[PDB]
$ cat entry-v3.pdb   # PDB, C-alpha atoms
ATOM      1  CA  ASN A  18      78.858  76.680 110.973  1.00  0.00           C
ATOM      2  CA  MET A  19      76.536  78.927 108.948  1.00  0.00           C
ATOM      3  CA  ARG A  20      77.814  80.511 105.724  1.00  0.00           C
ATOM      4  CA  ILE A  21      76.391  83.435 103.743  1.00  0.00           C
ATOM      5  CA  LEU A  22      77.257  84.110 100.099  1.00  0.00           C
ATOM      6  CA  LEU A  23      77.176  87.707  98.857  1.00  0.00           C
ATOM      7  CA  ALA A  24      77.074  88.024  95.055  1.00  0.00           C
ATOM      8  CA  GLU A  25      77.365  91.766  94.371  1.00  0.00           C
ATOM      9  CA  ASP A  26      79.409  93.444  91.651  1.00  0.00           C
ATOM     10  CA  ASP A  27      79.243  96.756  93.547  1.00  0.00           C
ATOM     11  CA  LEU A  28      82.401  96.763  95.668  1.00  0.00           C
ATOM     12  CA  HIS A  29      81.197  99.294  98.233  1.00  0.00           C
ATOM     13  CA  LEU A  30      77.898  97.548  98.928  1.00  0.00           C
ATOM     14  CA  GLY A  31      79.906  94.330  99.115  1.00  0.00           C
ATOM     15  CA  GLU A  32      82.318  95.591 101.762  1.00  0.00           C
ATOM     16  CA  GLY A  33      79.583  97.336 103.747  1.00  0.00           C
ATOM     17  CA  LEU A  34      77.481  94.187 103.990  1.00  0.00           C
ATOM     18  CA  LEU A  35      80.667  92.238 104.712  1.00  0.00           C
ATOM     19  CA  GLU A  36      81.469  94.451 107.705  1.00  0.00           C
ATOM     20  CA  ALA A  37      77.875  94.471 108.973  1.00  0.00           C
ATOM     21  CA  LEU A  38      77.273  90.718 108.768  1.00  0.00           C
ATOM     22  CA  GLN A  39      80.715  89.893 110.179  1.00  0.00           C
ATOM     23  CA  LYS A  40      79.915  92.272 113.046  1.00  0.00           C
ATOM     24  CA  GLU A  41      77.041  89.882 113.859  1.00  0.00           C
ATOM     25  CA  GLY A  42      79.314  86.832 114.102  1.00  0.00           C
ATOM     26  CA  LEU A  43      78.221  85.288 110.799  1.00  0.00           C
ATOM     27  CA  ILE A  44      80.536  83.815 108.175  1.00  0.00           C
ATOM     28  CA  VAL A  45      80.308  85.685 104.871  1.00  0.00           C
ATOM     29  CA  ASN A  46      81.895  85.154 101.452  1.00  0.00           C
ATOM     30  CA  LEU A  47      81.866  87.560  98.509  1.00  0.00           C
ATOM     31  CA  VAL A  48      81.710  87.008  94.755  1.00  0.00           C
ATOM     32  CA  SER A  49      80.883  89.508  92.030  1.00  0.00           C
ATOM     33  CA  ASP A  50      79.703  87.659  88.897  1.00  0.00           C
ATOM     34  CA  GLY A  51      76.928  85.198  88.177  1.00  0.00           C
ATOM     35  CA  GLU A  52      79.228  82.436  86.932  1.00  0.00           C
ATOM     36  CA  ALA A  53      80.926  82.273  90.331  1.00  0.00           C
ATOM     37  CA  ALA A  54      77.649  82.829  92.192  1.00  0.00           C
ATOM     38  CA  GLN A  55      75.929  79.889  90.497  1.00  0.00           C
ATOM     39  CA  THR A  56      78.999  77.664  90.834  1.00  0.00           C
ATOM     40  CA  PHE A  57      79.204  78.149  94.598  1.00  0.00           C
ATOM     41  CA  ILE A  58      75.458  77.993  95.244  1.00  0.00           C
ATOM     42  CA  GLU A  59      75.350  74.605  93.494  1.00  0.00           C
ATOM     43  CA  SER A  60      78.076  73.420  95.895  1.00  0.00           C
ATOM     44  CA  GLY A  61      75.809  73.378  98.961  1.00  0.00           C
ATOM     45  CA  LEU A  62      78.317  75.196 101.178  1.00  0.00           C
ATOM     46  CA  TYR A  63      75.924  78.076 101.880  1.00  0.00           C
ATOM     47  CA  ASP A  64      72.913  78.416 104.161  1.00  0.00           C
ATOM     48  CA  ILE A  65      71.807  81.879 102.979  1.00  0.00           C
ATOM     49  CA  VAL A  66      72.467  83.591  99.645  1.00  0.00           C
ATOM     50  CA  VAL A  67      72.230  87.284  98.749  1.00  0.00           C
ATOM     51  CA  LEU A  68      72.109  87.846  95.003  1.00  0.00           C
ATOM     52  CA  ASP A  69      72.324  91.043  92.954  1.00  0.00           C
ATOM     53  CA  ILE A  70      70.116  90.998  89.862  1.00  0.00           C
ATOM     54  CA  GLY A  71      72.625  93.153  87.972  1.00  0.00           C
ATOM     55  CA  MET A  72      75.769  91.039  87.670  1.00  0.00           C
ATOM     56  CA  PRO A  73      78.230  90.345  84.848  1.00  0.00           C
ATOM     57  CA  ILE A  74      78.209  87.113  82.855  1.00  0.00           C
ATOM     58  CA  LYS A  75      75.060  85.628  84.416  1.00  0.00           C
ATOM     59  CA  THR A  76      72.372  87.773  85.994  1.00  0.00           C
ATOM     60  CA  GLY A  77      70.877  87.167  89.414  1.00  0.00           C
ATOM     61  CA  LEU A  78      67.692  85.929  87.745  1.00  0.00           C
ATOM     62  CA  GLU A  79      69.577  83.520  85.479  1.00  0.00           C
ATOM     63  CA  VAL A  80      71.318  82.082  88.549  1.00  0.00           C
ATOM     64  CA  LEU A  81      68.154  81.945  90.676  1.00  0.00           C
ATOM     65  CA  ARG A  82      66.375  80.018  87.910  1.00  0.00           C
ATOM     66  CA  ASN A  83      69.268  77.617  87.308  1.00  0.00           C
ATOM     67  CA  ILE A  84      69.970  76.584  90.903  1.00  0.00           C
ATOM     68  CA  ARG A  85      66.266  76.076  91.610  1.00  0.00           C
ATOM     69  CA  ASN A  86      66.051  73.699  88.641  1.00  0.00           C
ATOM     70  CA  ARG A  87      68.911  71.737  90.238  1.00  0.00           C
ATOM     71  CA  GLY A  88      66.740  71.261  93.330  1.00  0.00           C
ATOM     72  CA  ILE A  89      68.706  73.427  95.764  1.00  0.00           C
ATOM     73  CA  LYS A  90      66.561  74.840  98.560  1.00  0.00           C
ATOM     74  CA  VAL A  91      68.878  77.549  99.934  1.00  0.00           C
ATOM     75  CA  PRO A  92      67.071  80.815 100.797  1.00  0.00           C
ATOM     76  CA  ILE A  93      67.910  83.577  98.325  1.00  0.00           C
ATOM     77  CA  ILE A  94      67.487  87.343  98.748  1.00  0.00           C
ATOM     78  CA  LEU A  95      67.479  89.431  95.565  1.00  0.00           C
ATOM     79  CA  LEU A  96      68.902  92.953  95.400  1.00  0.00           C
ATOM     80  CA  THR A  97      68.083  95.296  92.550  1.00  0.00           C
ATOM     81  CA  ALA A  98      67.689  98.861  91.349  1.00  0.00           C
ATOM     82  CA  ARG A  99      64.554  97.907  89.372  1.00  0.00           C
ATOM     83  CA  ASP A 100      61.933 100.028  91.154  1.00  0.00           C
ATOM     84  CA  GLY A 101      59.007  98.241  89.485  1.00  0.00           C
ATOM     85  CA  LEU A 102      56.468  96.166  91.404  1.00  0.00           C
ATOM     86  CA  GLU A 103      56.235  94.135  88.192  1.00  0.00           C
ATOM     87  CA  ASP A 104      59.846  92.982  88.584  1.00  0.00           C
ATOM     88  CA  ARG A 105      59.476  92.343  92.327  1.00  0.00           C
ATOM     89  CA  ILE A 106      56.683  89.791  91.897  1.00  0.00           C
ATOM     90  CA  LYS A 107      58.518  88.077  89.039  1.00  0.00           C
ATOM     91  CA  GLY A 108      61.609  87.658  91.210  1.00  0.00           C
ATOM     92  CA  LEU A 109      59.556  86.228  94.069  1.00  0.00           C
ATOM     93  CA  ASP A 110      57.740  83.897  91.662  1.00  0.00           C
ATOM     94  CA  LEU A 111      61.056  82.713  90.188  1.00  0.00           C
ATOM     95  CA  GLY A 112      61.969  81.254  93.595  1.00  0.00           C
ATOM     96  CA  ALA A 113      63.278  84.117  95.711  1.00  0.00           C
ATOM     97  CA  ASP A 114      62.644  84.273  99.451  1.00  0.00           C
ATOM     98  CA  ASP A 115      62.801  88.066  99.737  1.00  0.00           C
ATOM     99  CA  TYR A 116      63.337  91.060  97.480  1.00  0.00           C
ATOM    100  CA  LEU A 117      65.055  94.343  98.355  1.00  0.00           C
ATOM    101  CA  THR A 118      65.288  97.414  96.133  1.00  0.00           C
ATOM    102  CA  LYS A 119      68.186  99.816  96.105  1.00  0.00           C
ATOM    103  CA  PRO A 120      68.818 102.150  97.794  1.00  0.00           C
ATOM    104  CA  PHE A 121      68.301 100.307 101.082  1.00  0.00           C
ATOM    105  CA  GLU A 122      69.767 100.684 104.553  1.00  0.00           C
ATOM    106  CA  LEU A 123      72.121  97.850 105.462  1.00  0.00           C
ATOM    107  CA  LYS A 124      70.383  97.220 108.786  1.00  0.00           C
ATOM    108  CA  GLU A 125      67.226  96.090 106.984  1.00  0.00           C
ATOM    109  CA  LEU A 126      69.029  93.415 104.961  1.00  0.00           C
ATOM    110  CA  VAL A 127      70.834  92.318 108.132  1.00  0.00           C
ATOM    111  CA  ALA A 128      67.490  91.954 109.897  1.00  0.00           C
ATOM    112  CA  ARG A 129      66.046  89.886 107.041  1.00  0.00           C
ATOM    113  CA  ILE A 130      69.059  87.559 107.016  1.00  0.00           C
ATOM    114  CA  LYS A 131      68.653  87.023 110.758  1.00  0.00           C
ATOM    115  CA  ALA A 132      64.910  86.399 110.407  1.00  0.00           C
ATOM    116  CA  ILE A 133      65.628  83.802 107.717  1.00  0.00           C
ATOM    117  CA  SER A 134      68.387  82.360 109.913  1.00  0.00           C
ATOM    118  CA  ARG A 135      65.784  81.471 112.556  1.00  0.00           C
ATOM    119  CA  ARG A 136      63.792  79.148 110.269  1.00  0.00           C
ATOM    120  CA  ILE A 137      66.798  77.008 109.283  1.00  0.00           C
TER     121      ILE A 137
ATOM    122  CA  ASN B  18      91.161  91.563  83.998  1.00  0.00           C
ATOM    123  CA  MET B  19      91.683  88.470  86.175  1.00  0.00           C
ATOM    124  CA  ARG B  20      89.878  86.924  89.133  1.00  0.00           C
ATOM    125  CA  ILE B  21      91.817  86.416  92.371  1.00  0.00           C
ATOM    126  CA  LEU B  22      90.736  84.528  95.490  1.00  0.00           C
ATOM    127  CA  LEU B  23      91.585  85.684  99.017  1.00  0.00           C
ATOM    128  CA  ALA B  24      91.049  82.988 101.650  1.00  0.00           C
ATOM    129  CA  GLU B  25      91.774  84.465 105.070  1.00  0.00           C
ATOM    130  CA  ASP B  26      90.590  83.933 108.626  1.00  0.00           C
ATOM    131  CA  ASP B  27      91.195  87.662 109.240  1.00  0.00           C
ATOM    132  CA  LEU B  28      89.231  89.881 106.853  1.00  0.00           C
ATOM    133  CA  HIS B  29      90.615  93.416 106.518  1.00  0.00           C
ATOM    134  CA  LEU B  30      87.507  95.561 106.787  1.00  0.00           C
ATOM    135  CA  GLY B  31      87.869  99.327 106.941  1.00  0.00           C
ATOM    136  CA  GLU B  32      91.012  99.271 104.768  1.00  0.00           C
ATOM    137  CA  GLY B  33      89.361  99.054 101.340  1.00  0.00           C
ATOM    138  CA  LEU B  34      91.617  96.499  99.670  1.00  0.00           C
ATOM    139  CA  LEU B  35      88.808  95.740  97.210  1.00  0.00           C
ATOM    140  CA  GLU B  36      88.974  99.076  95.383  1.00  0.00           C
ATOM    141  CA  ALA B  37      92.781  99.118  95.541  1.00  0.00           C
ATOM    142  CA  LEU B  38      93.146  95.670  93.975  1.00  0.00           C
ATOM    143  CA  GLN B  39      90.232  96.306  91.607  1.00  0.00           C
ATOM    144  CA  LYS B  40      91.936  99.505  90.445  1.00  0.00           C
ATOM    145  CA  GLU B  41      94.899  97.250  89.594  1.00  0.00           C
ATOM    146  CA  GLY B  42      92.533  95.178  87.436  1.00  0.00           C
ATOM    147  CA  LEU B  43      92.189  92.382  90.016  1.00  0.00           C
ATOM    148  CA  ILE B  44      88.590  91.281  90.606  1.00  0.00           C
ATOM    149  CA  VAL B  45      88.442  89.915  94.161  1.00  0.00           C
ATOM    150  CA  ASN B  46      86.466  87.102  95.780  1.00  0.00           C
ATOM    151  CA  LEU B  47      86.545  86.411  99.519  1.00  0.00           C
ATOM    152  CA  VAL B  48      86.286  83.302 101.698  1.00  0.00           C
ATOM    153  CA  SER B  49      87.308  82.578 105.282  1.00  0.00           C
ATOM    154  CA  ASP B  50      87.486  78.783 105.738  1.00  0.00           C
ATOM    155  CA  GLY B  51      89.577  76.079 104.117  1.00  0.00           C
ATOM    156  CA  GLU B  52      86.611  74.008 102.956  1.00  0.00           C
ATOM    157  CA  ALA B  53      85.182  76.858 100.883  1.00  0.00           C
ATOM    158  CA  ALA B  54      88.652  77.908  99.707  1.00  0.00           C
ATOM    159  CA  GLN B  55      89.330  74.439  98.295  1.00  0.00           C
ATOM    160  CA  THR B  56      85.961  74.327  96.528  1.00  0.00           C
ATOM    161  CA  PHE B  57      86.525  77.779  95.024  1.00  0.00           C
ATOM    162  CA  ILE B  58      90.029  76.848  93.857  1.00  0.00           C
ATOM    163  CA  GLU B  59      88.816  73.580  92.323  1.00  0.00           C
ATOM    164  CA  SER B  60      86.255  75.517  90.274  1.00  0.00           C
ATOM    165  CA  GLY B  61      89.171  76.739  88.157  1.00  0.00           C
ATOM    166  CA  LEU B  62      87.679  80.236  87.903  1.00  0.00           C
ATOM    167  CA  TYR B  63      90.671  81.962  89.530  1.00  0.00           C
ATOM    168  CA  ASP B  64      93.984  83.032  88.015  1.00  0.00           C
ATOM    169  CA  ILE B  65      95.736  83.782  91.326  1.00  0.00           C
ATOM    170  CA  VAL B  66      94.950  82.476  94.816  1.00  0.00           C
ATOM    171  CA  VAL B  67      96.045  84.039  98.106  1.00  0.00           C
ATOM    172  CA  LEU B  68      95.762  81.350 100.767  1.00  0.00           C
ATOM    173  CA  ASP B  69      95.977  81.786 104.537  1.00  0.00           C
ATOM    174  CA  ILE B  70      97.901  78.976 106.216  1.00  0.00           C
ATOM    175  CA  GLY B  71      95.833  78.959 109.406  1.00  0.00           C
ATOM    176  CA  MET B  72      92.255  78.692 108.187  1.00  0.00           C
ATOM    177  CA  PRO B  73      89.411  76.984 110.043  1.00  0.00           C
ATOM    178  CA  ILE B  74      88.340  73.477 109.078  1.00  0.00           C
ATOM    179  CA  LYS B  75      91.119  72.863 106.531  1.00  0.00           C
ATOM    180  CA  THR B  76      94.406  74.701 106.918  1.00  0.00           C
ATOM    181  CA  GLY B  77      96.105  76.377 103.983  1.00  0.00           C
ATOM    182  CA  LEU B  78      98.554  73.486 103.689  1.00  0.00           C
ATOM    183  CA  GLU B  79      95.778  70.884 103.505  1.00  0.00           C
ATOM    184  CA  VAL B  80      94.015  72.927 100.814  1.00  0.00           C
ATOM    185  CA  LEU B  81      97.288  73.331  98.921  1.00  0.00           C
ATOM    186  CA  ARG B  82      97.951  69.582  99.088  1.00  0.00           C
ATOM    187  CA  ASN B  83      94.447  68.617  97.990  1.00  0.00           C
ATOM    188  CA  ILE B  84      94.152  70.996  95.043  1.00  0.00           C
ATOM    189  CA  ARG B  85      97.606  70.179  93.655  1.00  0.00           C
ATOM    190  CA  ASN B  86      96.788  66.475  93.961  1.00  0.00           C
ATOM    191  CA  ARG B  87      93.555  67.435  92.173  1.00  0.00           C
ATOM    192  CA  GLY B  88      95.752  68.729  89.345  1.00  0.00           C
ATOM    193  CA  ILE B  89      94.826  72.380  89.909  1.00  0.00           C
ATOM    194  CA  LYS B  90      97.744  74.486  88.673  1.00  0.00           C
ATOM    195  CA  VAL B  91      96.667  78.002  89.696  1.00  0.00           C
ATOM    196  CA  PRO B  92      99.542  80.027  91.213  1.00  0.00           C
ATOM    197  CA  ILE B  93      99.216  80.346  94.983  1.00  0.00           C
ATOM    198  CA  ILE B  94     100.592  82.827  97.522  1.00  0.00           C
ATOM    199  CA  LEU B  95     100.741  81.585 101.115  1.00  0.00           C
ATOM    200  CA  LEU B  96     100.244  83.881 104.102  1.00  0.00           C
ATOM    201  CA  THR B  97     102.724  82.492 106.617  1.00  0.00           C
ATOM    202  CA  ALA B  98     104.227  84.100 109.739  1.00  0.00           C
ATOM    203  CA  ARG B  99     107.477  85.780 110.805  1.00  0.00           C
ATOM    204  CA  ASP B 100     109.137  82.704 112.360  1.00  0.00           C
ATOM    205  CA  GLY B 101     107.371  80.445 109.852  1.00  0.00           C
ATOM    206  CA  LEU B 102     110.574  79.664 107.977  1.00  0.00           C
ATOM    207  CA  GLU B 103     109.675  75.970 107.813  1.00  0.00           C
ATOM    208  CA  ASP B 104     106.195  77.005 106.659  1.00  0.00           C
ATOM    209  CA  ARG B 105     107.840  78.762 103.704  1.00  0.00           C
ATOM    210  CA  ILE B 106     110.038  75.818 102.695  1.00  0.00           C
ATOM    211  CA  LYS B 107     107.340  73.196 103.252  1.00  0.00           C
ATOM    212  CA  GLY B 108     104.709  75.366 101.578  1.00  0.00           C
ATOM    213  CA  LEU B 109     106.938  75.842  98.541  1.00  0.00           C
ATOM    214  CA  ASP B 110     107.761  72.127  98.384  1.00  0.00           C
ATOM    215  CA  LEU B 111     104.012  71.377  98.355  1.00  0.00           C
ATOM    216  CA  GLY B 112     103.488  73.583  95.276  1.00  0.00           C
ATOM    217  CA  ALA B 113     103.079  77.132  96.610  1.00  0.00           C
ATOM    218  CA  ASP B 114     104.603  79.813  94.397  1.00  0.00           C
ATOM    219  CA  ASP B 115     105.317  82.543  96.968  1.00  0.00           C
ATOM    220  CA  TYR B 116     105.166  83.527 100.638  1.00  0.00           C
ATOM    221  CA  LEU B 117     104.035  86.634 102.493  1.00  0.00           C
ATOM    222  CA  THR B 118     104.674  87.488 106.145  1.00  0.00           C
ATOM    223  CA  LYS B 119     101.271  87.528 107.834  1.00  0.00           C
ATOM    224  CA  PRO B 120     101.437  91.165 109.066  1.00  0.00           C
ATOM    225  CA  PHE B 121     101.699  92.414 105.479  1.00  0.00           C
ATOM    226  CA  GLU B 122     100.967  95.711 103.751  1.00  0.00           C
ATOM    227  CA  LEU B 123      98.546  96.105 100.858  1.00  0.00           C
ATOM    228  CA  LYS B 124     101.507  97.457  98.879  1.00  0.00           C
ATOM    229  CA  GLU B 125     103.604  94.305  99.264  1.00  0.00           C
ATOM    230  CA  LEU B 126     100.639  92.030  98.535  1.00  0.00           C
ATOM    231  CA  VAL B 127      99.666  93.833  95.323  1.00  0.00           C
ATOM    232  CA  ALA B 128     103.323  93.858  94.259  1.00  0.00           C
ATOM    233  CA  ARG B 129     103.699  90.111  94.811  1.00  0.00           C
ATOM    234  CA  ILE B 130     100.409  89.419  93.010  1.00  0.00           C
ATOM    235  CA  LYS B 131     101.338  91.299  89.834  1.00  0.00           C
ATOM    236  CA  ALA B 132     104.822  89.765  90.139  1.00  0.00           C
ATOM    237  CA  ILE B 133     103.269  86.287  90.142  1.00  0.00           C
ATOM    238  CA  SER B 134     101.405  87.287  86.960  1.00  0.00           C
ATOM    239  CA  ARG B 135     104.573  86.940  84.831  1.00  0.00           C
ATOM    240  CA  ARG B 136     104.440  83.109  84.945  1.00  0.00           C
ATOM    241  CA  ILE B 137     101.597  83.135  82.381  1.00  0.00           C
ATOM    242  CA  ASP B 138      99.804  85.896  80.475  1.00  0.00           C
TER     243      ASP B 138
END
$ encode --input "entry-v3.pdb" --output "structure tokens"
Amino acid sequence: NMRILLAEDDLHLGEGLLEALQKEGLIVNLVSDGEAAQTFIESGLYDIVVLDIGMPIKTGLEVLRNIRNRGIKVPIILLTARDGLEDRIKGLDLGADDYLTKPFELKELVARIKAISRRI
Amino acid sequence: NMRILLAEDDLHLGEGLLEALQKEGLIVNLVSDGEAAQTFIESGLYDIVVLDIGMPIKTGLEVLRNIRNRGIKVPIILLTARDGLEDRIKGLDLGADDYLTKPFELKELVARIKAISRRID
């Protein structure tokens, strides 16, 4: 069925989103560094991807760029603490489907994942 | 320190294993189906793998077979059962390095993980 990849180095945001999305019946996997995130996006196992811009090894923007250049279409939501409209546009222009800033309430991100889920 | 994979049909939310294992230096990644578990294992990014025997799609034994035949040598801990004695023997004969009764405690799992660490360094 449908699979969601969460790439967040923050453990507590990771587990919270895990519990919330698994409470909605969805299948959710969790990684915490860009190397793993990119590896498993390029594998085509995932239908939606949530990606933290601040990750070890490779950053969310490095990964977003890379996978898009490999021709993968998967929708990608970026998470970030960068509170600058300048960075938001640049993430959207790099290939992102949505863009959330921290702090956010989990129920918003859940709603955006479900809205994306309808168009796929 | 090292990356560990947990492939389990039952995810233990509300117990906070992530911080516990992370405080032991173990950076965790989570999956819940055999197909994704096999792909993660094949990536070679993990130093220890905890593999549930009864996963969807591909069971833990299928995954174990395929990745060992793929030449992947990562140490693996199987999550079996209580009367799964033949699952222990068979699982070990297929290349698994340890067992763990399915209703386990975080304490026993962490102990067996760090105890599997002494077969490399």
$ interface_residues --input "entry-v3.pdb" --of "chain B" --to "chain A" --cutoff "9 Å" --atoms "all atoms listed in the file" --output "list in words"
residues 30, 31, 33, 35, 36, 39, 44, 45, 46, 47, 48, 49, 50, 52, 53, 56, 57, 60 and 62 of chain B
$ resolve_selection --input "entry-v3.pdb" --expression "the PyMOL selection byres ((chain A and resi 113-129) around 7)" --output "number ranges by chain"
A: 34, 38, 92-100, 105, 108-112, 130-133
$ resolve_selection --input "entry-v3.pdb" --expression "the PyMOL selection byres ((chain B and resi 66) around 6)" --output "PDB file with C-alpha atoms, keeping the file's coordinate frame"
ATOM      1  CA  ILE B  21      91.817  86.416  92.371  1.00  0.00           C
ATOM      2  CA  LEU B  22      90.736  84.528  95.490  1.00  0.00           C
ATOM      3  CA  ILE B  65      95.736  83.782  91.326  1.00  0.00           C
ATOM      4  CA  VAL B  67      96.045  84.039  98.106  1.00  0.00           C
ATOM      5  CA  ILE B  93      99.216  80.346  94.983  1.00  0.00           C
TER       6      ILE B  93
END
$ atom_distance --input "entry-v3.pdb" --atom1 "CA of residue 86 (chain A)" --atom2 "CA of residue 65 (chain A)"
17.5 Å
$ residues_around --input "entry-v3.pdb" --residues "residue 90 (chain B)" --least-positions-apart "6" --cutoff "9 Å" --atoms "all atoms listed in the file" --output "list in words"
residues 61, 84 and 112 of chain B
$ axis_aligned_box --input "entry-v3.pdb" --around "region 32-42 of chain A" --padding-each-side "8 Å" --output "AutoDock Vina command-line options"
--center_x 79.7 --center_y 92.1 --center_z 107.9 --size_x 21.3 --size_y 26.5 --size_z 28.3
$ atom_distance --input "entry-v3.pdb" --atom1 "CA of residue 104 (chain A)" --atom2 "CA of residue 83 (chain A)"
18.1 Å
$ closest_residue --input "entry-v3.pdb" --among "B:23, B:86, B:41, B:91" --to "residue 72 (chain B)" --atoms "all atoms listed in the file"
B:23
$ atom_distance --input "entry-v3.pdb" --atom1 "CA of residue 94 (chain B)" --atom2 "CA of residue 68 (chain B)"
6.0 Å
$ resolve_selection --input "entry-v3.pdb" --expression "the PyMOL selection byres ((chain B and resi 138) around 12)" --output "short mmCIF file (atom, residue, chain, number, x, y, z; two decimals) with C-alpha atoms, keeping the file's coordinate frame"
data_model
loop_
_atom_site.label_atom_id
_atom_site.label_comp_id
_atom_site.auth_asym_id
_atom_site.auth_seq_id
_atom_site.Cartn_x
_atom_site.Cartn_y
_atom_site.Cartn_z
CA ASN B 18 91.16 91.56 84.00
CA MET B 19 91.68 88.47 86.18
CA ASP B 64 93.98 83.03 88.02
CA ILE B 65 95.74 83.78 91.33
CA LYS B 131 101.34 91.30 89.83
CA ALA B 132 104.82 89.76 90.14
CA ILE B 133 103.27 86.29 90.14
CA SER B 134 101.40 87.29 86.96
CA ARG B 135 104.57 86.94 84.83
CA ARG B 136 104.44 83.11 84.94
CA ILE B 137 101.60 83.14 82.38
#
$ closest_residue --input "entry-v3.pdb" --among "B:96, B:103, B:74, B:28" --to "residue 129 (chain B)" --atoms "only C-alpha atoms"
B:96
$ residues_around --input "entry-v3.pdb" --residues "residue 121 (chain B)" --least-positions-apart "6" --cutoff "12 Å" --atoms "all atoms listed in the file" --output "MDAnalysis selection string"
chainID B and resid 29 95:99 127:129
$ write_last_selection --input "entry-v3.pdb" --atoms "C-alpha atoms" --output "PDB file, in the coordinates of the input"
ATOM      1  CA  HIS B  29      90.615  93.416 106.518  1.00  0.00           C
ATOM      2  CA  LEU B  95     100.741  81.585 101.115  1.00  0.00           C
ATOM      3  CA  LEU B  96     100.244  83.881 104.102  1.00  0.00           C
ATOM      4  CA  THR B  97     102.724  82.492 106.617  1.00  0.00           C
ATOM      5  CA  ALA B  98     104.227  84.100 109.739  1.00  0.00           C
ATOM      6  CA  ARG B  99     107.477  85.780 110.805  1.00  0.00           C
ATOM      7  CA  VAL B 127      99.666  93.833  95.323  1.00  0.00           C
ATOM      8  CA  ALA B 128     103.323  93.858  94.259  1.00  0.00           C
ATOM      9  CA  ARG B 129     103.699  90.111  94.811  1.00  0.00           C
TER      10      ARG B 129
END
$ closest_residue --input "entry-v3.pdb" --among "B:75, B:117, B:80, B:126" --to "residue 101 (chain B)" --atoms "only C-alpha atoms"
B:117
$ decode --input "entry-v3.pdb" --residues "region 45-93 of chain A" --atoms "C-alpha atoms" --output "PDB file, in the first residue's frame"
ATOM      1  CA  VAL A  45       5.422   5.345   7.903  1.00  0.00           C
ATOM      2  CA  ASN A  46       9.188   4.799   8.013  1.00  0.00           C
ATOM      3  CA  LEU A  47      11.767   6.945   9.802  1.00  0.00           C
ATOM      4  CA  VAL A  48      15.348   7.881   8.952  1.00  0.00           C
ATOM      5  CA  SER A  49      17.479  10.651  10.418  1.00  0.00           C
ATOM      6  CA  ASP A  50      20.288  11.545   7.982  1.00  0.00           C
ATOM      7  CA  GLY A  51      20.390  12.687   4.381  1.00  0.00           C
ATOM      8  CA  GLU A  52      22.493   9.766   3.150  1.00  0.00           C
ATOM      9  CA  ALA A  53      19.762   7.325   4.176  1.00  0.00           C
ATOM     10  CA  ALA A  54      16.988   9.692   3.074  1.00  0.00           C
ATOM     11  CA  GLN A  55      18.369  10.025  -0.456  1.00  0.00           C
ATOM     12  CA  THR A  56      19.139   6.307  -0.700  1.00  0.00           C
ATOM     13  CA  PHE A  57      15.569   5.293   0.118  1.00  0.00           C
ATOM     14  CA  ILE A  58      13.880   8.018  -1.929  1.00  0.00           C
ATOM     15  CA  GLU A  59      15.821   6.843  -4.997  1.00  0.00           C
ATOM     16  CA  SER A  60      14.431   3.338  -4.377  1.00  0.00           C
ATOM     17  CA  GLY A  61      10.857   4.231  -5.359  1.00  0.00           C
ATOM     18  CA  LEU A  62       9.308   2.527  -2.323  1.00  0.00           C
ATOM     19  CA  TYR A  63       7.685   5.744  -1.085  1.00  0.00           C
ATOM     20  CA  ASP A  64       4.608   7.662  -2.196  1.00  0.00           C
ATOM     21  CA  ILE A  65       5.101  10.707   0.062  1.00  0.00           C
ATOM     22  CA  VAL A  66       8.315  12.052   1.593  1.00  0.00           C
ATOM     23  CA  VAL A  67       8.767  14.438   4.525  1.00  0.00           C
ATOM     24  CA  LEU A  68      12.250  15.928   4.638  1.00  0.00           C
ATOM     25  CA  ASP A  69      13.977  18.030   7.296  1.00  0.00           C
ATOM     26  CA  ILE A  70      16.286  20.679   5.851  1.00  0.00           C
ATOM     27  CA  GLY A  71      18.620  20.354   8.844  1.00  0.00           C
ATOM     28  CA  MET A  72      20.011  16.821   8.680  1.00  0.00           C
ATOM     29  CA  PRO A  73      23.476  15.316   9.160  1.00  0.00           C
ATOM     30  CA  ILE A  74      25.660  14.225   6.251  1.00  0.00           C
ATOM     31  CA  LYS A  75      23.393  15.509   3.464  1.00  0.00           C
ATOM     32  CA  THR A  76      20.916  18.320   3.995  1.00  0.00           C
ATOM     33  CA  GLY A  77      17.279  18.196   2.969  1.00  0.00           C
ATOM     34  CA  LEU A  78      18.056  20.585   0.115  1.00  0.00           C
ATOM     35  CA  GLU A  79      20.979  18.480  -1.117  1.00  0.00           C
ATOM     36  CA  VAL A  80      18.689  15.434  -1.176  1.00  0.00           C
ATOM     37  CA  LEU A  81      15.756  17.269  -2.783  1.00  0.00           C
ATOM     38  CA  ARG A  82      18.049  18.494  -5.571  1.00  0.00           C
ATOM     39  CA  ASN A  83      19.679  15.099  -6.134  1.00  0.00           C
ATOM     40  CA  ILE A  84      16.551  12.943  -6.353  1.00  0.00           C
ATOM     41  CA  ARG A  85      14.848  15.433  -8.672  1.00  0.00           C
ATOM     42  CA  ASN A  86      17.828  15.231 -11.036  1.00  0.00           C
ATOM     43  CA  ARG A  87      17.313  11.447 -11.068  1.00  0.00           C
ATOM     44  CA  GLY A  88      13.781  12.028 -12.366  1.00  0.00           C
ATOM     45  CA  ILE A  89      11.837  10.876  -9.304  1.00  0.00           C
ATOM     46  CA  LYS A  90       8.423  12.512  -9.010  1.00  0.00           C
ATOM     47  CA  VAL A  91       7.542  11.675  -5.388  1.00  0.00           C
ATOM     48  CA  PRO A  92       5.902  14.577  -3.502  1.00  0.00           C
ATOM     49  CA  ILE A  93       8.251  16.077  -0.918  1.00  0.00           C
TER      50      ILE A  93
END
